[PDB]
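Protein chains in written order, with the deposited numbering: chain L, 1 to 215; chain H, 2 to 138, 144 to 224; chain F, 333 to 527.
Remarks on the structure that follows.
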Amino acid sequence: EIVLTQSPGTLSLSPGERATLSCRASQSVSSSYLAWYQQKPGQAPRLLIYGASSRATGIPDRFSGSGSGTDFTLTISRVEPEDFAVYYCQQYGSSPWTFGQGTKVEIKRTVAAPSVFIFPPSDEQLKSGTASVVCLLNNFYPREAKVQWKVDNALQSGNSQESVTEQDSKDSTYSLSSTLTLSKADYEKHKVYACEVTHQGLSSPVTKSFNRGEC
Amino acid sequence: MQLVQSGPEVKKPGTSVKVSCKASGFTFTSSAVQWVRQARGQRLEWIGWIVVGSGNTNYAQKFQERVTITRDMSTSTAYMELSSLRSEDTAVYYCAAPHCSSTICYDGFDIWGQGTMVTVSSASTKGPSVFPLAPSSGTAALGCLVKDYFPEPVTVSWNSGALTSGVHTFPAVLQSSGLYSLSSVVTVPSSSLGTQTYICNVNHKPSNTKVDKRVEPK
Amino acid sequence: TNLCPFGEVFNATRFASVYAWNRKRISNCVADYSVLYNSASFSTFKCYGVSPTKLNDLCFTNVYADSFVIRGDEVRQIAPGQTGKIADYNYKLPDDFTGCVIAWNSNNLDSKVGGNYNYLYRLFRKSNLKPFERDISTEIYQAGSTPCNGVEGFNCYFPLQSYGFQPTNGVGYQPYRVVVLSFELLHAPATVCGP
Ligand SMILES: *[C@@H]1O[C@H](CO)[C@@H](O[C@@H]2O[C@H](CO)[C@@H](O)[C@H](O)[C@H]2NC(C)=O)[C@H](O)[C@H]1NC(C)=O
Numbered sequence: 001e002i003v004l005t006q007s008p009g010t011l012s013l014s015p016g017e018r019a020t021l022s023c024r025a026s027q028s029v030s031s032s033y034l035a036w037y038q039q040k041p042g043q044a045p046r047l048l049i050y051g052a053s054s055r056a057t058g059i060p061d062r063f064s065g066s067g068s069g070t071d072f073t074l075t076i077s078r079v080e081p082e083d084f085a086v087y088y089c090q091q092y093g094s095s096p097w098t099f100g101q102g103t104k105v106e107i108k109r110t111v112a113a114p115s116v117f118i119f120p121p122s123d124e125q126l127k128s129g130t131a132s133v134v135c136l137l138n139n140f141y142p143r144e145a146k147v148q149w150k151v152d153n154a155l156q157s158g159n160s161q162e163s164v165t166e167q168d169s170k171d172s173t174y175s176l177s178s179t180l181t182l183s184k185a186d187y188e189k190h191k192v193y194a195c196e197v198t199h200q201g202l203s204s205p206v207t208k209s210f211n212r213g214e215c
Numbered sequence: 002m003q004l005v006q007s008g009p010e011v012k013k014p015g016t017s018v019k020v021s022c023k024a025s026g027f028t029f030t031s032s033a034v035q036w037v038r039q040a041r042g043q044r045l046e047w048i049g050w051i052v053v054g055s056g057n058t059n060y061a062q063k064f065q066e067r068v069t070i071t072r073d074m075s076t077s078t079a080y081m082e083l084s085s086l087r088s089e090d091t092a093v094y095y096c097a098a099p100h101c102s103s104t105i106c107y108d109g110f111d112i113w114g115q116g117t118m119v120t121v122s123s124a125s126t127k128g129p130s131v132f133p134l135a136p137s138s144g145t146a147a148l149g150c151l152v153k154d155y156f157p158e159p160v161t162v163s164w165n166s167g168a169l170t171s172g173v174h175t176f177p178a179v180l181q182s183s184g185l186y187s188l189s190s191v192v193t194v195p196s197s198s199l200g201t202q203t204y205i206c207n208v209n210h211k212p213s214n215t216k217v218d219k220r221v222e223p224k
Numbered sequence: 333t334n335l336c337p338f339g340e341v342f343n344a345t346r347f348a349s350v351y352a353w354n355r356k357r358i359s360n361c362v363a364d365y366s367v368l369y370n371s372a373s374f375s376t377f378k379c380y381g382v383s384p385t386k387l388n389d390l391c392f393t394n395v396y397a398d399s400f401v402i403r404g405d406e407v408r409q410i411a412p413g414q415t416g417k418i419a420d421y422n423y424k425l426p427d428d429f430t431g432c433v434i435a436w437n438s439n440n441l442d443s444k445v446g447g448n449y450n451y452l453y454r455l456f457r458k459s460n461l462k463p464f465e466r467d468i469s470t471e472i473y474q475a476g477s478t479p480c481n482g483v484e485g486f487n488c489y490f491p492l493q494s495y496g497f498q499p500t501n502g503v504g505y506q507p508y509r510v511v512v513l514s515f516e517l518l519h520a521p522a523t524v525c526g527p
């Protein structure tokens, strides 16, 4: 099986800058069968480049591609905002026609601190029998962000789960939700519930907490 | 021109699923069709391919014994059938082909299908329960937590679509129960917290569940 | 005054694939064609230009006997003016054909449980055959701009495909054996005559 390693894992560029993504193979591959595709979240791939060099009909002059042997590159001369997406390289000369891991082309702006809020369990969820408390990191950059749960002031793992949005097209920020779900009986075993978020846009780790049953 | 695929499918483990690729606007007889799949947020994976004229197939060893690629030229469509479905097989399945004229074919896969979402889980269909998240006592935020549902597609809107600025609906996560939960939030000016009121509406098409809940600060 | 060796052609143990159809030239013998028309063993016996019983009083310099196996649904293409994968890419009779097409079911000899895959036909070719041409090439078919250099793959297809006859096939998919008799006359040495 031909392995395809893509580099870098993700590069971040201000619009109009130069983009250079690379695809490297475990052994030499025919340049006649190597392709690059641009995929945006939710959508199907668009063919960008075929035969390692030739541009797909209707794709803008922005995109170009070259390489041979084991090294291939795709170059975006001036990345218009429509070009921020995932890029996958696929060889199709030798079966199986494997793919690369893909490189993510995100848009780069100045560091922005998260706007972290904490939501205690809804009144009726306790009636239902469980208790979910959510922590919301809002409108930050970069994606890297560490959320630590402290129940009663103590580090908690095992019932946290987080999810991150796509980059907002306007202000180029991510937002993350980390939900902590326990049972009502487990929920009533502790007093103070806290969310401790670490971010590069923060001098000190910001912790937002509440005491159970008071507002 | 285009490639159109079947609907979305949800199947219990160990069964089969067969999705289709109808070609329009190019001489289908002379092209080839390749099937790939992609886990949500992961890389693309090559399943196999087929030569439209001859029906000969090639499969990755991962699926050699479980996948069957066929085509009916009469209706000019292709089919991928996956039997003995594993849980990890849940993904969006894409089908691609090179557009061809009477005389020559394209040297790359340019035509792509829209994708078919295929979910493999023992979990039976369940509607979601919606739980408010009220603002904390110069701007504030609120939302609703849509939890314990299956399968994935859920629509969420605010004030029947009137409020759209600053709304973030996170992609859902799959909890160990095998059901899904997501949360949808929005930020408003703190000044407007008392004058304006916010209700969220969720449609879960699979279970025919339309639920609205209010978010009232306290 | 020796008899024509039809048993060599009709009762041959092995028959050719259509892309490589085999033809035996038969000359300097006496042919009785009415025994064939009344053989009753043939599901197809269609003559063009000449009449089947009427020409048993005729003479020719040489008669050619071309033979091959196809599926039943394709026997109709072995006739003047027809189209399809066989007439276009494998064996084409001319518009001005003078001769006969003879066919019979061969499921009991050429089918095998699990499929007999030795019999092939040409699926890919850049141009249609001219009448009575035989293409035995196995060059990979280039369906795109990229040369194939003898390696099968994307846009690079091996040109021959197998019929895969199985005995439980429906009649249109079971194999039929075909003999085409062509009647040649030139400069009149008159070597093959009726009784
Ligand atoms: C090919 O072989 C067959 C069978 O051996 C011949 O068919 C005739 O079959 C009947 C069956 O009752 C016999 O009585 C005849 O004697 C057979 N013919 C002869 C000439 O012996 C057939 O004639 C052979 N030759 C062909 C078809 O050209």
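We put the CB at the ideal spot given by N, CA and C, even for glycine.
Range of the contiguous alpha helix (DSSP H) that encloses residue 516/F
Careful: residue 516/F lies outside any alpha helix (DSSP H), inside the beta strand (DSSP E) at 507 to 516.
Is there contact here, the region 133 to 140 of chain L with the region 79 to 92 of chain L, by at least three beta-carbon pairs under 8 Å?
The region 133 to 140 of chain L, when compared against the region 79 to 92 of chain L, does not touch it at the 8 Å Cβ threshold.
Selection of the region 58 to 83 of chain L by Cβ proximity to chain H, strictly under 8 Å:
Closer than 8 Å at the C-beta level to chain H, one finds no residue of the region 58 to 83 of chain L.
Whole-angstrom distance between residue 495/F and residue 524/F, CA atom to CA atom:
For residue 524/F and residue 495/F, the distance between alpha carbons rounds to 36 Å.
At 3 residues or longer, and completely inside the region 2 to 89 of chain L: list those beta strand (DSSP E) runs for me, N to C.
Residue ranges of uninterrupted beta strand (DSSP E) with 3 or more members, entirely inside the region 2 to 89 of chain L and ordered along the chain, are 4 to 7, 10 to 13, 19 to 25, 34 to 39, 46 to 50, 63 to 68, 71 to 76.
Inter-residue spacing [alpha-carbon to alpha-carbon] between residue 216/H and residue 192/H
Each residue's alpha carbon lies about 20 Å from the other.
Would you kindly check if the distance between the Cβ of residue 429/F and the Cβ of residue 354/F is under 8 Å?
No.
To the nearest angstrom, how far is the alpha carbon of residue 152/L from that of residue 102/L?
C-alpha separation (whole angstroms): 42 Å.
Going straight from the alpha carbon of residue 214/H to that of residue 100/L, what length do you get?
C-alpha of residue 214/H to C-alpha of residue 100/L: approximately 40 Å in a straight line.
Neighbourhood of ligand 1 [Cβ distance below 7 Å to any heavy atom], ordered by chain position:
Sorted by chain position, residues whose beta-carbon lies closer than 7 Å to a non-hydrogen atom of ligand 1 are 338/F, 339/F, 342/F, 343/F, 371/F.
Nearest-angstrom beta carbon gap, residue 221/H and residue 188/H [assumed within contact, 8 Å]:
That pair is no contact at about 16 Å.
When you check each C-beta in the region 463 to 489 of chain F against every C-beta of chain H, which residues fall closer than 7 Å?
Listed by position along the chain: 475, 476, 477, 478, 486, 487, 489.
Thinking just about the alpha-carbon of each residue, which of 48/L, 179/L, 109/L, 160/L is nearest to the one in residue 13/L?
The residue with the shortest Cα to Cα distance from residue 13/L is 109/L.
Would a check of beta-carbon distances place residue 187/L closer than 8 Å to chain H?
Taking Cβ atoms only, chain H never reaches closer than 8 Å to residue 187/L, which makes this a no.
Mind checking residue 108/H: buried by the 16 CB within 10 Å criterion, or exposed?
By the 10 Å Cβ count, residue 108/H comes out buried.
Residue 126/L (DSSP reduced to helix, strand or coil)
DSSP, reduced to helix, strand and coil, places residue 126/L within a helical segment of the structure shown.
So, under 8 Å CB-CB, residue 384/F and residue 432/F are touching, yes? Tell me the CB distance rounded to an integer number of Å.
With a Cβ gap of about 7 Å, residue 384/F and residue 432/F count as contacting.
To which residues of the same chain is residue 33/L closer than 6 Å at the C-beta, ignoring the five residues directly before and after it?
Contacts found: 92, 93.
Looking only at DSSP bridge pairs, what is residue 162/L linked to?
Among the bridge pairs identified by DSSP, residue 162/L is matched with 178/L.
Taking only three categories from DSSP, how would you classify residue 38/H?
Secondary structure of residue 38/H (DSSP, three-state): strand.
Any C-beta of chain F under 8 Å from that of residue 93/L:
Closer than 8 Å: yes.
For the region 150 to 170 of chain H against the region 339 to 358 of chain F, do three or more pairs of beta-carbon atoms, one drawn from each stretch, fall closer than 8 Å, so that the two count as touching?
Result no; under three Cβ-Cβ pairs closer than 8 Å.
What is the DSSP secondary structure of residue 349/F, reduced to helix, strand or coil?
If DSSP states are grouped into helix, strand and coil, residue 349/F belongs with the strands.
For residue 11/L, decide whether its Cβ has a neighbour in chain H, counting only Cβ atoms nearer than 8 Å.
It does not; no Cβ of chain H falls within 8 Å.
CB residue 511/F to CB residue 423/F, shorter than 8 Å?
No, the pair does not count as a contact, with Cβ atoms beyond the cut-off.
Only counting the same chain, and skipping five residues up and downstream in sequence, which positions put a Cβ closer than 7 Å to that of residue 443/F?
Result list for residue 443/F: 497, 498, 499, 506, 507, in chain order.
Can you name the start and end residues of the alpha helix (DSSP H) that residue 372/F belongs to?
Unbroken run through residue 372/F: none, as it is neither H nor E.
What are the start and end residues of the alpha helix (DSSP H) that includes residue 483/F?
Neither: residue 483/F is in no alpha helix (DSSP H) and is coded neither H nor E.
At a CB distance below 7 Å, what residues from the region 114 to 129 of chain H approach chain L? Give them in sequence order.
Of all residues in the region 114 to 129 of chain H, 114, 115, 116 have a Cβ within less than 7 Å of some Cβ in chain L.
Are the beta-carbon atoms belonging to residue 72/L and residue 56/L less than 8 Å from one another?
Contact flag unset, no.
Cβ distance (whole Å) where residue 25/L is taken to contact residue 4/L below 8 Å
Indeed they touch by this definition, with Cβ atoms about 6 Å apart.
Pick helix, strand or coil for residue 441/F, following the three-state DSSP scheme.
In the three-state reduction of the DSSP assignment, residue 441/F falls in the helix class.
Mind listing the chain H neighbours of residue 493/F? Cutoff is C-beta to C-beta under 7 Å, in chain order.
Per Cβ cutoff of 7 Å: 55.
Mind listing the chain F neighbours of residue 32/L? Cutoff is C-beta to C-beta under 8 Å, in chain order.
Under the 8 Å cutoff, chain F gives 478.
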